[PDB]
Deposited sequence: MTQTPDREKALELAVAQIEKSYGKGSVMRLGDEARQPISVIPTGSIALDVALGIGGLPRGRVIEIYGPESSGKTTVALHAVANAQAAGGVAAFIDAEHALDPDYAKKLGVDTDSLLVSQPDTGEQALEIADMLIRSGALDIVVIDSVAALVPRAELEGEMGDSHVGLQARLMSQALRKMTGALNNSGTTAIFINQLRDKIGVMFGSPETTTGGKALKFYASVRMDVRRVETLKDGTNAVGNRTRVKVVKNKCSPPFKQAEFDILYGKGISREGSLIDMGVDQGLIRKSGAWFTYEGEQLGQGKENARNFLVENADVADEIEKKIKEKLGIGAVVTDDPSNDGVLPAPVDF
């Protein structure tokens, strides 16, 4: 009625001049891209709106030490590889555990790794890799470790911020042309300032509580808030379980999202699906689903149909 029309006009112009995603209603549905990189948890895939991480964009994952942020990034690497993609890992922390990575699903033998001497070398190497057009995904671990050459040579300025700014300006173009996704891992408190604005997605990762089973703790409940999202409405959160030595529990998230969506009924201790019992307690239901890969797949598909998550 002349009011909604003027708004839609304004929206359309903003969108034309600054890009799709420049303005959104929080209640909007995301439009579905051709391909995305799934994260390993359907809860997180849903919270991102497009069913996984976007291609050709910068992603920032941040949070305290031992929050699980590296685990999330390694599942993204696993899934990209599993679909025939190539991955590179740019490492200034020297903390990577390849045995752990291997259990998550990473093909470590094919993983490209660089351990550069300086912050500028790290970003320039990242840049040359992206411009090849041969990479699906590169992870930089981490932003805080990217020390500028001047500092390493011992010659003050706030020039780590200037280094990120220049690098990100050059890198954003190459990513969009190439279809490559870059994940930057960051700690919680210099160069994060530019990252905040260049990133299309920003995820805040936190440990919520320890998952106990008897005397020993078997993992952690992890919460992720998507504080920035240019591809779908921001501010959604997801919870999921990271099991020690195993990574993100795919099956656990299928159960949680299963009950949430009313596809899996829960008597009390009993978990039910389509007139059959999955198990008594989350852990039995979880194990039932790992042992029965076919019913896990079916529940996944039905949740993705019910929410409109494309292929």
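Absent C-alpha positions map to the deposited sequence ranges 1 to 4, 160 to 163, 198 to 210, 333 to 350, in order along the chain.
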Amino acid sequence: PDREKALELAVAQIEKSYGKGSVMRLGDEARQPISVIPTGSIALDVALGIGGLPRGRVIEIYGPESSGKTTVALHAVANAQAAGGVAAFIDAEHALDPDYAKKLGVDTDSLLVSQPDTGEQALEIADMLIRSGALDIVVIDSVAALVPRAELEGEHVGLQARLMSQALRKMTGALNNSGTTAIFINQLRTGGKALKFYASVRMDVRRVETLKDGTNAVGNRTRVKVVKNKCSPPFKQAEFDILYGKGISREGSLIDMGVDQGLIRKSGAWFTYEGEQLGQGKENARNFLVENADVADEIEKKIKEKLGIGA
From here on, numbers count along this sequence of modelled residues.
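Rigid core (definition): largest C-alpha set, two forms, superposition within 1.5 Å.
Between 237 to 245 and 156 to 164, the larger mean CA deviation from the shown form in 8 other deposited structures of this protein, after core superposition, belongs to 156 to 164. Put simply, when the other structures in 8 other deposited structures of this protein are lined up on the rigid core, the C-alpha atoms of 206 to 214 lie farther off than those of the other stretch, from 206 to 214 and 79 to 87.
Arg189, present in the displayed chain, goes without coordinates in a third or more of the other PDB entries compared that cover both sides of it. Just going by the entry, 262 to 270 versus 30 to 38 on mean CA temperature factor gives the higher value to 262 to 270. Averaged over their C-alpha atoms, the temperature factors of 214 to 222 and 114 to 122 are higher for 214 to 222.
The PDB entry assigns its highest CA temperature factor, among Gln187, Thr71, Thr181, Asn79, to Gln187. Highest C-alpha temperature factor among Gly192, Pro234, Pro148, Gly85 per the entry: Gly192. In the PDB entry, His156 places in the highest third of its chain by CA B-factor. When all modelled residues of the chain are sorted by CA temperature factor, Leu254 is found within the middle third.
Ranked by Cα temperature factor within the chain, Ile242 sits in the middle third according to the deposited record.
Sort the modelled residues of the chain by CA B factor and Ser132 lands in the middle third. Split the chain's modelled residues into thirds by C-alpha temperature factor. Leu278 is in the highest one.
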